[PDB]
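Q: Sharing a structure below in structure tokens format, with a few things to ask.
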Amino acid sequence: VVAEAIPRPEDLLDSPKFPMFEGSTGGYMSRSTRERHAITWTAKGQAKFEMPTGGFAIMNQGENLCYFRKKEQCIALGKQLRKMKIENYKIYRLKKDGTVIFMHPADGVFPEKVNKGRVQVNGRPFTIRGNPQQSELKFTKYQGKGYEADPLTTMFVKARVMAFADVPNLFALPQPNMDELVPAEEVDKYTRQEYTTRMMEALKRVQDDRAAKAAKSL
Amino acid sequence: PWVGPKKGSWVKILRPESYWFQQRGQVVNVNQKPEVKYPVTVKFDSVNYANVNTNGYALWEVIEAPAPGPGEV
Amino acid sequence: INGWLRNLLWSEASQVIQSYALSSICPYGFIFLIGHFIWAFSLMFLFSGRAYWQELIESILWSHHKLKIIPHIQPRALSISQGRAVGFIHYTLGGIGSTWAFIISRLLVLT
Amino acid sequence: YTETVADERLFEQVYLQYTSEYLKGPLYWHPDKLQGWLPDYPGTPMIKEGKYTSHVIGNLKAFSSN
Amino acid sequence: XXXXXXXXXXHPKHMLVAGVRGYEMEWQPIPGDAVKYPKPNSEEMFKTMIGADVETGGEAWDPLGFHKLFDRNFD
Amino acid sequence: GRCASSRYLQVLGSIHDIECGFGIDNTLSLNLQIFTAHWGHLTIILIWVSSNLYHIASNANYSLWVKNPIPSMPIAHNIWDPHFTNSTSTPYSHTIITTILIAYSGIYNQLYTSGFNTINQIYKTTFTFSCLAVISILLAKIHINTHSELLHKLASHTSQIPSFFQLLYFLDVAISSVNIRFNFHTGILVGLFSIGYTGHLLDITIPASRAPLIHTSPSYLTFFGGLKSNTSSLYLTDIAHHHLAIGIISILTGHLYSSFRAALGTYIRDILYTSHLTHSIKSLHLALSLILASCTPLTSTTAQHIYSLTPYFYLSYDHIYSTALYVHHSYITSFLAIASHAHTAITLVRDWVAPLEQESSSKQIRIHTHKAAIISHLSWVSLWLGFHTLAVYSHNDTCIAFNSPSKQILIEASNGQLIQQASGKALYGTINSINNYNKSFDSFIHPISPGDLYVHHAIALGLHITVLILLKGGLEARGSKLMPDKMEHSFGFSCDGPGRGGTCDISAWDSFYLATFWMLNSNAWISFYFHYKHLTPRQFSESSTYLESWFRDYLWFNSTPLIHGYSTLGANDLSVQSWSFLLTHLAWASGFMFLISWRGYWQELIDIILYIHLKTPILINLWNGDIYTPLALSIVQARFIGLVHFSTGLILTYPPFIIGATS
Amino acid sequence: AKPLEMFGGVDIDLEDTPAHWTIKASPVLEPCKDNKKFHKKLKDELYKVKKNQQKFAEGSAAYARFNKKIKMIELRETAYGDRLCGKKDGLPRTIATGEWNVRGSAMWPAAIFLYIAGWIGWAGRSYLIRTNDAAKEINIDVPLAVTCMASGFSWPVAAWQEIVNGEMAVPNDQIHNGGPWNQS
Ligand code: CLA
Ligand code: CLA
Ligand code: CLA
Ligand code: CLA
Ligand SMILES: CC1=C(/C=C/C(C)=C/C=C/C(C)=C/C=C/C=C(C)/C=C/C=C(C)/C=C/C2=C(C)CCCC2(C)C)C(C)(C)CCC1
Ligand SMILES: CC1=C(C/C=C(\C)CCC[C@H](C)CCC[C@H](C)CCCC(C)C)C(=O)c2ccccc2C1=O
Ligand SMILES: CC1=C(C/C=C(\C)CCC[C@H](C)CCC[C@H](C)CCCC(C)C)C(=O)c2ccccc2C1=O
């Protein structure tokens, strides 16, 4: 798809592409706004239509060009044109510098028609109820945005919910020994792979002690 | 080999967010493609707020319940 | 504004407010009370949205379905436009009735 | 082979069944697993077998029923 | 021939009710009270219980159906 | 891109929602911010106390009111307003003397009962409370520094093992610990504070109320009853003994949980785990909800028992103090009651983890399983009460308008009368077994009539409906049939669109917004009941079974002095009351447009106004609107602003009426 | 020791006997036929209506209608004589203690209303059960509707027989419980 050369509306006064329209106060507010949206189309007959900004208009038998402040007005006019069996209309966003961005028929095929090369953006692979609970994701990446969680996080919190209901079989986290641990950070033994072995043996000692203590009055 | 409930067989809806959760509705058709995630199509006598009386459910959301009976949803 | 409140809505409302058991003006006092009730009743429709009432209706419909009482004309709360219309109608009717009683009872007593 | 929705659901079930058992163990360390949180205190199990354990009655755990 | 649904795509149904443990747990250990999992059998065992006699019929005499209320508790 | 005019409202709508802060990353920051805010709030309270004490000391007449309290009137503070007449004399001043305001708070009786005799003592008290405000702010700074020092001590902290990260959860153990807090609150802050106040009474209050006596002997602890005849208040000896008993009981109770040692006391978690609870006690919203639900019975009983059993000297002799205190505390407790439900709903939205679908273990789970039954039965009882109270009131109104007072339906309040008879028999048996009998209990038991029965049914209706709205909002905050994803959204959000039938007022915050109107209405009913029975018990007892009596013999009749305040005949000392009356009517009606008229109309109106501004010669060359773009208030902001206007009008319209009617 | 002054006006029975459990033994109330306020109120009613009557002509129809109204008022005075009214208002009271045997008791109206209200609800429920269609709710099957309306008289027995036999209630797992509160 080739973007056209839509000029800035303040530099294209009196263009032959402009349809005959009455002109109202509803048009884009100059002297305060510099971002304009332009919609172009090619018609077959001078059929009267309604401008999104109040007032009616008559197309041209050839090319047409209109400028609007908002993309919504351009899309409304596009739907109105498409109701009149007028395809091949393109909607551009004009930056303040004059950069032309091609917006509505982005890949050249209207969004209601399946086109190859598209990928489901903002897709979630479950029913809407499958979203994780907001309470589970507190102070994580998804603090108040449980609907933004990746499906792996949703499954992880679901498994956590499943686990944290069998209370008797849970493992209480041992209380840290603050007074005798906690040396200066430079005082470490390195041996990271040995540190997990130390984790294993210390947790084994904790579990054995807990079992021995429980097997006294239980 | 047919998969899912038979056509015209009543099923109880197990989708928690469904308007017809724990209600019953006739099975219109079951899509036989294994790639379809929600193949079971169920129609209901009671329309939801969108005035739609039919919806497609997953294979694990219909339990083949008996007929509703007199004065029973 | 205090003059309007005191010498018009209070002093000149003595006829309508003290109109019980008085032969001609009993209905005007009662209608004054009813107009106040209807005007305040309109505020329930004016201030509230239909989603709360829809959820409450569903909660009640649970109890109805429990006892095999199924209304097949499914109970739905009033549409938003209808809620506004009902609120406006009750508001204007109640206020008009309040003024109506207030002016008519006083002029009937004085004459 | 292509990953049907049934196969994805099977992976969901396998993952959940494994992880729900793994997180109960001594290798997950969640704040909800602290003392005073959901899990029982280390040497003082309160409810086992759906019966009040002897540790419920505190210092009376050593007392005889008679 | 209807294919059997695999356990992966099976259903939970609603056999798990408020009177019993859920997916996997144990109920609260209440002291002497209603304990254990209830099952509907009142009326059936009421038709085997003795006490009915010829003064009122000869079968299990219970107008008002006070026996059956246990069986209804589930409904 | 930047913001619009709605930024101010958006920010101020969550200005204290510390959970919604952007820099806050952990419970440590949240808890420390909350603790510091608590310190600042305590400083504000202390400064307010010192303020009242100062103004009583400086711009007031405590030294003269204490001498002749029954006919005298206290002074709140002077009036310095340049808008008054620089000539003549205002109705609030004795000619050339300064302008004053009569205090309707009740601090004069409080200080008189507590043992104040001189202005100098009040001045020293003001100084001490300002000192305490300084101390509170310095404690805030101290604790901020101590927690930052722990954080810095994590620069010299490592467990030499991968379990070192466990220390993340214990950094705010100072604030989040529950057993120590419960033990020390219930013991020290309650029991020993009561015991210290008993000491204060025995050392000052009882010595500075009667002739000199023995060295504060244990005869200062009496068990008389109520309403000492001369001062028409509770015996100070009885009050000291009551505080002593409460202190001893709470001191004993405060040794329950395991606070400082692991070898003494039971843990709260183990207490809950073996009961019908085991809730998520780490939620701050849950704790806030259940302590607001605790301050509510306390404040409601404060309102009831300040009036029924007046504890302060000559408090019953003030016709305005007794009504103002009751109405104030009733409104405070209504606000706290609705707060408890609002924060329960916020707890369910934000800080509650639920099982998969069927594990009926949590109490909230069991409540949610049959929430429809709860709401349906609450709706049924609300409908019954409303139907049968309004219909009987309508019967009485119609049959009394038709010259037939004897055709009314007057259900004699037999159950309340039986309770009163039992309590009166108990009290009379207590009194008859005394060598110092002939005691009085003031309004502990009051004449109960059919009007009382109907008003109590109306109050029960209001409470039922308020609880209905709040409970429905809490239970369906996480999802209803209409919107089965409500826990994915915020606690307060605009709507769910016009489709699916229309979804205005769907959030749990909208349920709170609807319930606040019913809270205000129920409180208005309670306050009207109390004030009407206070003004004329006889006329209330006879003519209060028909609503026209409430409309005429109370509202229309008792509003005479207030409207006459300022007129074209002169002004009274009720001029401020009448002016505030009209201003609060204007505020109440002004919030109707924020509630009735909704956003889109106004957004179009604002677009038109902005068109004008961008079209006016000089404005367009200075202000294009790109910086702080004016926009209409959002939907939730609009509902909240209308609610604020309505609440302010309804609440603040009443005190002028109370002052005009009683004074 | 004068409980009236001790409790600020209200008086207490001070006696524990079963004979005082009736409403008729209350010291607040008094039979209407010997109460001063009752006499004064109905005398004022008679006086006002009579004063209105004299304003009209003697032979007019309004005079006869006012005579009929006066007769109605006097009949009301003599009919409420056995009804209990307070010793200070004179307005007769309604008894809501379940007495069943006093003038103005609420037991008889309660029983009558409960019967007819259960009748209405049972007729509606029967019609809804026998017409399981929306078309039958907008276009009422009048013969079936009146059949159910007549059949509703036996509701206190049929409803209980359905309650105990499992034909009124439905298990919660067959109707929509409500909105989901969890899933993750
Ligand atoms: C008493 C309540 C009340 C009040 C005061 C207003 C006020 C207003 N409404 Mg409104 N409205 C209300 C109720 C009310 N409404 C209700 C119940 C509804 C039903 C939905 C509406 C529906 C409605 C619509 C649909 C429209 C309005 C409009 C207006 C505005 C036009 C009038 C105007 O500009 O005067 C000025 C405003 C005043 C309040 C006059 C008094 C001003 C004070 C006395 C003087 C200044 C005070 C001084 C500066 C003190 C400073 C403040 C202090 C902090 C220092 C105005 C802001 C219209 C509008 O905005 O168009 C322009 C409009 O379109 N209203
Ligand atoms: C709980 C207290 C309470 C409440 C809530 C109400 C509620 C109501 N009363 Mg009311 N009333 C009460 C107590 C109360 N009454 C008592 C105790 C009395 C003494 C008997 C009265 C006497 C009374 C009378 C005599 C009247 C009402 C009216 C009304 C209705 C006004 C509705 C409306 O839209 O007004 C909108 C308000 C206005 C349009 C303004 C009218 C009031 C002000 C003072 C007029 C001043 C005009 C002035 C030139 C400035 C106007 C500004 C302009 C821009 C609008 C409403 C039903 C009135 C009614 O039916 O409608 C007006 C009416 O006629 N009441
Ligand atoms: C939803 C129903 C409901 C509710 C919430 C209340 C609430 C209240 N009533 Mg009350 N009352 C009701 C129905 C209700 N009433 C009915 C139907 C009657 C009979 C006419 C009464 C008669 C009554 C009297 C005489 C007194 C109260 C009082 C009170 C207050 C104190 C609580 C108390 O003792 O009540 C008692 C508890 C109940 C009444 C609960 C019963 C609920 C059932 C379901 C209502 C229906 C019963 C049914 C009609 C019986 C039919 C019998 C028939 C088969 C023969 C409280 C505000 C007292 C009061 O306010 O004094 C200041 C008081 O003295 N009530
Ligand atoms: C077949 C008719 C019928 C039956 C059996 C019931 C039965 C019930 N309703 Mg109900 N209801 C009905 C119609 C009916 N309703 C209608 C038409 C409405 C719309 C106004 C409601 C609105 C309603 C609410 C808002 C609530 C109930 C509640 C309840 C339950 C408690 C009893 C109660 O509050 O009654 C009181 C009933 C009313 C106040 C509604 C008015 C009664 C209508 C007018 C009767 C209509 C009958 C119908 C015309 C019969 C025609 C028969 C003919 C065709 C042959 C109970 C299960 C409550 C609940 O769930 O608590 C458990 C509750 O909060 N109902
Ligand atoms: C709200 C807030 C807060 C606060 C509060 C407060 C606390 C306040 C205060 C206020 C205040 C508290 C104020 C004050 C003021 C004061 C002043 C203003 C003073 C002045 C003085 C002076 C100036 C002095 C002088 C002198 C000297 C120097 C010495 C000698 C003497 C003389 C006098 C000469 C907080 C923190 C919570 C936070 C948030 C916000
Ligand atoms: C209360 C309320 C409802 C619920 C109210 C409903 C559904 C009204 C319908 C109830 C019946 C059908 C009305 C029939 C008339 C009454 C039963 C009796 C009126 C006459 C009596 C005096 C006899 C809404 O649906 C609603 C929607 C949008 C905004 C606000 C609201 C709103 O405030
Ligand atoms: C009146 C009204 C408005 C208009 C009110 C607006 C746009 C805001 C009015 C603000 C007033 C005029 C004060 C403006 C503030 C001052 C300029 C001071 C500025 C303070 C900041 C610098 C913080 C709405 O936008 C609206 C939206 C939705 C439902 C109902 C309504 C509604 O009723």
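Every chain in the structure tokens has a letter given in the order shown (A, B, ...), and although residue numbers restart at 1 in each chain, ligands are simply numbered from 1 in the order shown.
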Counting only C-alpha atoms and all ligand atoms, which protein, DNA or RNA residues come within 9 Å of ligand 5, given as a VMD selection string?
A: chain F and resid 36 to 47 130 133 to 134 137
Q: Just C-alpha atoms for this one: save the residues we selected as an mmCIF file, in the first residue's frame.
A:
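Final output, saved to result_38.cif:
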data_model
loop_
_atom_site.group_PDB
_atom_site.id
_atom_site.type_symbol
_atom_site.label_atom_id
_atom_site.label_comp_id
_atom_site.auth_asym_id
_atom_site.auth_seq_id
_atom_site.Cartn_x
_atom_site.Cartn_y
_atom_site.Cartn_z
ATOM 1 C CA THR F 36 2.592 8.204 59.459
ATOM 2 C CA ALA F 37 -0.869 9.341 58.351
ATOM 3 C CA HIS F 38 -2.234 8.009 61.642
ATOM 4 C CA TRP F 39 0.343 10.069 63.529
ATOM 5 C CA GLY F 40 -0.590 13.197 61.582
ATOM 6 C CA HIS F 41 -4.289 12.586 62.180
ATOM 7 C CA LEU F 42 -3.685 12.181 65.917
ATOM 8 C CA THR F 43 -1.804 15.485 65.810
ATOM 9 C CA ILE F 44 -4.821 17.089 64.125
ATOM 10 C CA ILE F 45 -7.136 15.702 66.818
ATOM 11 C CA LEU F 46 -4.879 17.014 69.591
ATOM 12 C CA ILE F 47 -4.694 20.444 67.946
ATOM 13 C CA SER F 130 -0.214 21.432 71.870
ATOM 14 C CA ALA F 133 0.653 17.383 69.074
ATOM 15 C CA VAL F 134 4.372 18.162 68.797
ATOM 16 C CA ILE F 137 4.546 14.602 64.871
#
Q: Could I get the residues of chain B with an atom no further than 6 Å from an atom of chain E, each paired with its nearest atom pair and that distance in Å to one decimal, using only C-alpha atoms, sorted by chain and residue number, as a tab-separated table?
A:
residue	atom	partner	partner_atom	distance
B:1	CA	E:1	CA	5.6
B:2	CA	E:2	CA	4.6
B:3	CA	E:3	CA	5.2
B:60	CA	E:11	CA	5.0
Q: Just give me the gap between atom CA of residue G:85 and atom CA of residue G:50 in Å, one decimal is fine.
A: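 The value is 25.0 Å.
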Q: Report as a ChimeraX atom specification which protein, DNA and RNA residues come within 9 Å of ligand 4, using only C-alpha atoms and all ligand atoms.
A: /C:56-57,59-67,69-71,75 /F:372-384,387 /G:117-118,120-128,137,140-142,144-149
Q: How would you report the residues lying within 6 Å of ligand 2, as a ChimeraX atom specification, if you count only C-alpha atoms and all ligand atoms?
A: /C:1,4-5,9-10,13,17,36,39,95-96,98-99,102 /F:555-556
Q: At a cut-off of 10 Å, using only C-alpha atoms, what residues contact stretch 57-66 of chain D? Leave out same-chain residues fewer than 6 positions from it and give the result as a compact mmCIF listing (two decimals) with N, CA, C and O atoms, in the first residue's frame.
A:
# COMPACT_ATOMS: atom_id res chain seq x y z
N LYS A 216 4.61 -35.66 69.65
CA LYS A 216 4.75 -35.65 71.10
C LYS A 216 3.41 -35.68 71.82
O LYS A 216 3.29 -36.35 72.85
N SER A 217 2.41 -34.97 71.31
CA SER A 217 1.07 -34.99 71.87
C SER A 217 -0.02 -35.28 70.85
O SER A 217 -1.17 -35.51 71.25
N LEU A 218 0.30 -35.27 69.56
CA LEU A 218 -0.68 -35.56 68.51
C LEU A 218 -1.17 -37.00 68.60
O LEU A 218 -2.37 -37.27 68.48
N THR D 44 2.70 -27.21 66.18
CA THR D 44 1.37 -27.15 66.79
C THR D 44 0.32 -27.30 65.70
O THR D 44 -0.32 -26.32 65.30
N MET D 46 -3.24 -27.89 64.43
CA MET D 46 -4.54 -27.72 65.08
C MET D 46 -5.55 -28.76 64.64
O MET D 46 -6.15 -29.45 65.48
N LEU F 264 3.62 -17.74 75.96
CA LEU F 264 2.43 -17.29 76.67
C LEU F 264 1.39 -16.79 75.67
O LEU F 264 1.73 -16.08 74.72
N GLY F 265 0.15 -17.17 75.89
CA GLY F 265 -0.95 -16.66 75.07
C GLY F 265 -1.17 -17.47 73.81
O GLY F 265 -0.26 -18.07 73.25
N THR F 266 -2.41 -17.46 73.35
CA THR F 266 -2.79 -18.14 72.12
C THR F 266 -2.77 -17.18 70.94
O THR F 266 -3.00 -15.98 71.09
Q: Output the contact residues of chain B with respect to chain G at a cut-off of 10 Å, based on only C-alpha atoms, as JSON, numbers by chain.
A: {"B": [12, 13, 15, 16, 17, 18, 19, 20, 21, 22, 23, 24, 45, 46, 65, 68, 69, 70, 71, 72, 73]}
Q: Could you please extract the residues within 6 Å of ligand 7, counting only C-alpha atoms and all ligand atoms, and hand them back as a ChimeraX atom specification?
A: /F:8,593-594,597-599,602,632-635,638
Q: Near residue F:93, counting only C-alpha atoms, which residues have an atom at most 10 Å away, once you skip same-chain residues fewer than 6 positions from it, shown as a PyMOL selection string?
A: chain F and resi 78-79+99-101+573
Q: Export C-alpha atoms of the chosen residues as a PDB file, in the first residue's frame?
A:
ATOM      1  CA  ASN F  78     -15.925  35.669  69.531  1.00  0.00           C
ATOM      2  CA  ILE F  79     -17.224  36.852  66.162  1.00  0.00           C
ATOM      3  CA  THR F  99     -19.679  39.724  69.478  1.00  0.00           C
ATOM      4  CA  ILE F 100     -20.042  36.166  70.798  1.00  0.00           C
ATOM      5  CA  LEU F 101     -21.440  32.763  69.823  1.00  0.00           C
ATOM      6  CA  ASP F 573     -29.252  35.812  67.432  1.00  0.00           C
TER       7      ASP F 573
END
Q: Please write out the residues within 7 Å of ligand 1 as a ChimeraX atom specification, counting only C-alpha atoms and all ligand atoms.
A: /F:586-587,589-593,596-597
Q: Generate a file of the selected residues that holds C-alpha atoms, formatted as a PDB file, in the first residue's frame.
A:
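Once everything was written out, this is again-v9.pdb:
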ATOM      1  CA  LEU F 586     -29.276  25.838  48.121  1.00  0.00           C
ATOM      2  CA  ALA F 587     -26.441  23.327  48.542  1.00  0.00           C
ATOM      3  CA  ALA F 589     -30.745  21.505  45.614  1.00  0.00           C
ATOM      4  CA  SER F 590     -27.507  22.282  43.762  1.00  0.00           C
ATOM      5  CA  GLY F 591     -26.466  18.642  43.971  1.00  0.00           C
ATOM      6  CA  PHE F 592     -29.631  17.556  42.208  1.00  0.00           C
ATOM      7  CA  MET F 593     -28.175  18.581  38.835  1.00  0.00           C
ATOM      8  CA  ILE F 596     -30.088  14.063  37.584  1.00  0.00           C
ATOM      9  CA  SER F 597     -28.318  15.698  34.641  1.00  0.00           C
TER      10      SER F 597
END
Q: Could you list, as a ChimeraX atom specification, the residues of chain F having an atom within 9 Å of chain A when counting only C-alpha atoms?
A: /F:20,24-27,154-164,166-167,348-356,359,361,484-485,487-490,611,614,620-621,623-626
Q: What does the file look like for those residues with N, CA and C atoms, as a short mmCIF file (atom, residue, chain, number, x, y, z; two decimals), in the first residue's frame?
A:
data_model
loop_
_atom_site.label_atom_id
_atom_site.label_comp_id
_atom_site.auth_asym_id
_atom_site.auth_seq_id
_atom_site.Cartn_x
_atom_site.Cartn_y
_atom_site.Cartn_z
N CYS F 20 -3.39 2.90 45.85
CA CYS F 20 -3.34 3.30 44.46
C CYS F 20 -2.14 4.18 44.14
N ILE F 24 4.51 3.43 45.45
CA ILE F 24 4.35 2.35 46.42
C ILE F 24 4.47 1.01 45.72
N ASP F 25 5.39 0.16 46.19
CA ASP F 25 5.67 -1.13 45.58
C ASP F 25 5.45 -2.32 46.49
N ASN F 26 5.31 -2.11 47.80
CA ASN F 26 5.26 -3.21 48.75
C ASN F 26 4.43 -2.82 49.96
N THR F 27 4.05 -3.83 50.75
CA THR F 27 3.30 -3.59 51.97
C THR F 27 4.10 -2.78 52.99
N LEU F 154 19.37 -3.39 55.75
CA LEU F 154 19.42 -4.41 54.71
C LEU F 154 20.62 -4.23 53.79
N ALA F 155 21.42 -3.18 53.99
CA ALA F 155 22.72 -3.10 53.33
C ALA F 155 23.79 -3.89 54.06
N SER F 156 23.52 -4.32 55.29
CA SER F 156 24.39 -5.21 56.06
C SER F 156 23.62 -6.45 56.46
N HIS F 157 22.77 -6.96 55.57
CA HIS F 157 21.90 -8.08 55.87
C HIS F 157 21.98 -9.12 54.76
N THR F 158 22.29 -10.36 55.15
CA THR F 158 22.24 -11.51 54.27
C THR F 158 22.19 -12.75 55.14
N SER F 159 21.40 -13.74 54.73
CA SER F 159 21.31 -14.98 55.48
C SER F 159 22.36 -16.00 55.04
N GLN F 160 23.23 -15.63 54.09
CA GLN F 160 24.24 -16.52 53.52
C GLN F 160 23.58 -17.68 52.79
N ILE F 161 22.25 -17.64 52.71
CA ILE F 161 21.47 -18.69 52.05
C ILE F 161 20.35 -18.06 51.25
N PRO F 162 19.86 -18.77 50.23
CA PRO F 162 18.77 -18.22 49.40
C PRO F 162 17.50 -17.88 50.17
N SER F 163 17.37 -18.28 51.43
CA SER F 163 16.19 -17.92 52.21
C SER F 163 16.24 -16.48 52.71
N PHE F 164 17.29 -15.73 52.38
CA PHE F 164 17.41 -14.36 52.86
C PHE F 164 16.26 -13.49 52.37
N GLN F 166 13.27 -14.06 52.48
CA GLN F 166 12.11 -14.16 53.37
C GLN F 166 11.97 -12.91 54.23
N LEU F 167 13.08 -12.19 54.45
CA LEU F 167 13.02 -10.98 55.27
C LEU F 167 12.15 -9.91 54.62
N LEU F 348 -13.62 -7.16 49.51
CA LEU F 348 -13.97 -8.24 48.59
C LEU F 348 -13.43 -7.96 47.19
N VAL F 349 -13.42 -6.70 46.77
CA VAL F 349 -12.89 -6.36 45.45
C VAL F 349 -11.38 -6.56 45.41
N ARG F 350 -10.67 -6.10 46.44
CA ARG F 350 -9.22 -5.94 46.38
C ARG F 350 -8.45 -6.99 47.15
N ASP F 351 -8.85 -7.32 48.37
CA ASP F 351 -8.01 -8.10 49.28
C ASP F 351 -8.68 -9.39 49.72
N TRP F 352 -9.29 -10.13 48.80
CA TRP F 352 -9.87 -11.42 49.15
C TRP F 352 -9.56 -12.45 48.08
N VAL F 353 -8.93 -13.54 48.50
CA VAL F 353 -8.59 -14.66 47.63
C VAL F 353 -9.62 -15.76 47.85
N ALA F 354 -10.24 -16.22 46.77
CA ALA F 354 -11.31 -17.20 46.88
C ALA F 354 -10.90 -18.52 46.23
N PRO F 355 -11.45 -19.64 46.70
CA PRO F 355 -11.17 -20.93 46.07
C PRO F 355 -11.66 -21.02 44.63
N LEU F 356 -11.49 -22.18 44.00
CA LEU F 356 -11.74 -22.28 42.57
C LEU F 356 -13.20 -22.02 42.21
N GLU F 359 -15.09 -24.92 46.84
CA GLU F 359 -14.53 -25.16 48.17
C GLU F 359 -15.20 -24.21 49.15
N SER F 361 -15.13 -23.25 52.26
CA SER F 361 -14.31 -23.20 53.47
C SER F 361 -14.28 -21.81 54.09
N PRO F 484 -20.78 -10.36 34.92
CA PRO F 484 -20.01 -11.40 35.60
C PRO F 484 -18.50 -11.28 35.42
N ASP F 485 -17.98 -10.05 35.51
CA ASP F 485 -16.53 -9.85 35.58
C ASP F 485 -16.18 -8.64 36.45
N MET F 487 -15.02 -8.01 39.28
CA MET F 487 -13.80 -7.93 40.07
C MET F 487 -12.57 -7.67 39.21
N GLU F 488 -12.70 -7.70 37.89
CA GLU F 488 -11.60 -7.28 37.02
C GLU F 488 -11.48 -5.77 36.93
N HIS F 489 -12.55 -5.04 37.22
CA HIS F 489 -12.57 -3.59 37.13
C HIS F 489 -12.28 -2.97 38.50
N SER F 490 -12.25 -1.64 38.54
CA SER F 490 -12.00 -0.94 39.79
C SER F 490 -13.20 -1.07 40.73
N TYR F 611 -15.39 26.47 22.55
CA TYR F 611 -15.44 27.13 21.25
C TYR F 611 -15.45 28.64 21.41
N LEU F 614 -11.90 29.86 22.54
CA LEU F 614 -10.98 29.79 21.42
C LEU F 614 -11.40 30.69 20.26
N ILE F 620 -7.70 33.74 22.51
CA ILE F 620 -7.16 32.75 21.58
C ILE F 620 -5.65 32.91 21.41
N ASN F 621 -5.13 34.12 21.57
CA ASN F 621 -3.71 34.37 21.41
C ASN F 621 -2.92 34.18 22.70
N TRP F 623 -4.30 31.42 25.17
CA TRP F 623 -4.72 30.16 25.78
C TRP F 623 -5.49 29.36 24.74
N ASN F 624 -4.86 28.32 24.20
CA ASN F 624 -5.49 27.46 23.20
C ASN F 624 -6.16 26.24 23.81
N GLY F 625 -6.11 26.09 25.13
CA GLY F 625 -6.74 24.97 25.79
C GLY F 625 -5.96 23.68 25.77
N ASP F 626 -4.76 23.68 25.18
CA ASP F 626 -3.98 22.46 25.05
C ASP F 626 -3.31 22.03 26.35
#
Q: Select, as a list in words, those residues of chain D with any atom no more than 7 Å from chain E (distances computed using only C-alpha atoms).
A: residues 6, 9, 10, 13, 50, 51 and 52 of chain D
Q: Show me which residues line ligand 3, defined as having an atom within 7 Å of a ligand atom where only C-alpha atoms and all ligand atoms count, and present them as a ChimeraX atom specification.
A: /F:381,384-385,411-417,448,452-454,456-457,459-460 /G:96-97,106-108,110-111,114
Q: Set the distance at 7 Å and use only C-alpha atoms: which residues neighbour residue C:105 once local chain neighbours fewer than 5 positions away are removed? I'd like the list as an mmCIF file with N, CA and C atoms, in the first residue's frame.
A:
data_model
loop_
_atom_site.group_PDB
_atom_site.id
_atom_site.type_symbol
_atom_site.label_atom_id
_atom_site.label_comp_id
_atom_site.auth_asym_id
_atom_site.auth_seq_id
_atom_site.Cartn_x
_atom_site.Cartn_y
_atom_site.Cartn_z
ATOM 1 N N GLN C 15 -53.100 27.589 55.729
ATOM 2 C CA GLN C 15 -54.428 27.115 55.358
ATOM 3 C C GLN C 15 -54.400 25.651 54.938
ATOM 4 N N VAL C 16 -53.434 25.270 54.101
ATOM 5 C CA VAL C 16 -53.379 23.894 53.618
ATOM 6 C C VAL C 16 -52.882 22.950 54.707
ATOM 7 N N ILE C 25 -61.578 21.629 52.761
ATOM 8 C CA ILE C 25 -60.166 21.629 52.405
ATOM 9 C C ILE C 25 -59.433 20.395 52.915
ATOM 10 N N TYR C 28 -57.430 18.876 50.021
ATOM 11 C CA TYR C 28 -56.271 19.677 49.646
ATOM 12 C C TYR C 28 -55.088 19.413 50.571
#
